[PDB]
Structures are given as C-alpha cells and as structure tokens.
C-alpha cells in the first residue's frame, strides 16, 4: 500500500528528472512517509526502479502470453503487428520507466539480467513462430530463425526506445509501428 505509493511517486518523479537527480527523501515524502520507513519497503532508490521495470516487462510478457493463447483471426501482417503492438503500447504507456530502466542496464547488474531474461524469452517466442510459419510452408527457410528473431527484436528495442525518448535520429511515434511491421514481414516472408 505505502509500497504502491513509493512506486507511483518514483514513476511520476521520473516523468520530470533522471534517477541520479531523485533522492530517497524525494520518494519518501512523495509516498507521505519518513526516510527510515521508506527503507522498510526498499533497500535503495535503485531497487524502486528495478521493481517498476519488473512490473512494466511482466505486463508486456503477460500481454504477449494472452495473444499467444488467443490468436487474432487475421492475415500474417496483422498477426505480427498485434505482437509488436504489445511492446509499443505497454512500454509506450511507461516511457519514464522504460527510459530510466534502459540507462540503468549500464550501471545495474539486476536490471541488465532482467532485461536479458525477458529479451531471451521474446526472441525464443519469435523464432518458434517463424519456425511454425516455415513448417506450414508459409515462410521460406532463409536465415537461422533464432538469428533473424534476435536482430528483429534488437531493432524493435532500439527503435521503440529512440522514438519514445524523441531521440535524433528516430522514427516518429505515429509511424514506428508500421515501419517495424514492414521490416518483420518482408524479412520473415522474403526469399
């Protein structure tokens, strides 16, 4: 409960400044508690980011499980769009956590490992689906499915996050979904 308060406060404060510029004291008063009461719920401001990013990533993950268990009744282009869109919408709704999470991969081993565990899972799911499409005679046996899936997933990570942070250069947010779908569909079905 106070736990949700510290989390919401961190997400809000990260909408306006980096983690380096937010104090434990800043998070404490935000949730309406003392510095020492803060330390009962979290070991550090860094563990607060790790928890937010845990929640964002698991939300993406569950949303993609829900898609996998309940296929959308559509063509191959839309099957892939619906999947990429889990990442667009989920992270797109949590840009501050997304951006702060990505910078913490450099400094925090737990953040790096969390990102790494989920990226390995999403790449493995992507490759299994390409393999199914190949077994069905729907896609040609070009590159190793897992090598292809790895590059395409790395493209979506870099390209979504550049867009969300308004980096230069970046695809504009309103064009990025279509851009990625074109590259997935041409690279998975092209000869």
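Positions refer to the first chain, counted from 1.
In this entry, 44-52 shows the higher mean Cα temperature factor of the pair 44-52 and 123-131.
Between 106-114 and 80-88, the higher mean Cα B-factor belongs to 106-114. In the deposited coordinates, the residue among 147, 61, 69, 157 with the greatest CA B-factor is 69.
Ranked against the other modelled residues of its chain, the C-alpha B-factor of residue 178 as given in the entry falls in the lowest third. Among the modelled residues of the chain, residue 18 sits in the highest third by CA temperature factor in this PDB entry.
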